[PDB]
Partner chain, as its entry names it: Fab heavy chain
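Quick setup: one chain, the form deposited without the partner chain, written in structure tokens, and binding and motion questions come after.
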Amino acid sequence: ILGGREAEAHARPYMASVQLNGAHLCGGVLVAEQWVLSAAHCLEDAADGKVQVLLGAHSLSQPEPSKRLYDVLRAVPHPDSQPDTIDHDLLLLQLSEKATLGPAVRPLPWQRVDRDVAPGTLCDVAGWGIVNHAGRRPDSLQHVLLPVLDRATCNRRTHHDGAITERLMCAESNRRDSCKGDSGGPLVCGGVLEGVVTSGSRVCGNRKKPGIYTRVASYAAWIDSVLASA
């Protein structure tokens, strides 16, 4: 997260750290007791290593009573996802067991009504992604409120030139933005999950290259089907 600030500890109980061999790789969102939603590209160059999900965390390195690292029993990338493509970049991770719920661990309700979030709406993005262009990795969870950018503006030749489908949404990227290590994490509007961070053009903090977020509402049928297949 560039241009953000340290989040209040455990104020986002749905926030997950998807990890590879003990290291934070991507953000994730707890959407059900045993399921974490993330981005499919996160596990592309991982196939070998131990994939785990850290729940109830503020600090990545420090002990906290609510912190718990879970093993993943199965990884469900969206069937239409392709590598190094920004479309259908969703991943569902089944935990080893149902997560112990409490004030610091709680699933987030997600948008099921397939209608765009109004442009200008301030939405909260959180993550353990890089906090400056030099690549400084924060130990503690960061967040930033970003305004939603209309698809038309986002799709201009000067911006993402037609790449923003109806299944994607954009947020302003001027200084404040999501960056490397934030994909798979949440974009929350009025307490509801609206988007999942994707890597876009892999450029951060540049107003001409807005942040790209996968609209969860567009994938309601797939998420429901995966969550129902215990």
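Residue numbers count along the first chain shown, from 1.
Absent from the display: the form deposited with the partner chain bound. The rest refers to it.
Heavy atoms within 4.5 Å of the partner chain in the deposited complex belong, among the stretches 125-133, 82-90, 111-119, 68-76, to residues of 111-119.
Shown here without its partner, the chain carries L55, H58 and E64, none of which come within 4.5 Å of the partner chain in the deposited complex through any heavy atom.
Out of the listed residues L187, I164, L43, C179, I164 is the one that sits within 4.5 Å of the partner chain in the deposited complex by at least one heavy atom.
Interface membership of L145, defined by any non-hydrogen atom within 4.5 Å of the partner chain in the deposited complex, is ruled out. Although the partner is absent from this view, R151 contacts the partner chain in the deposited complex, with a non-hydrogen atom inside 4.5 angstroms. The partner chain is not drawn, but in the deposited complex it has no heavy atom within 4.5 Å of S140.
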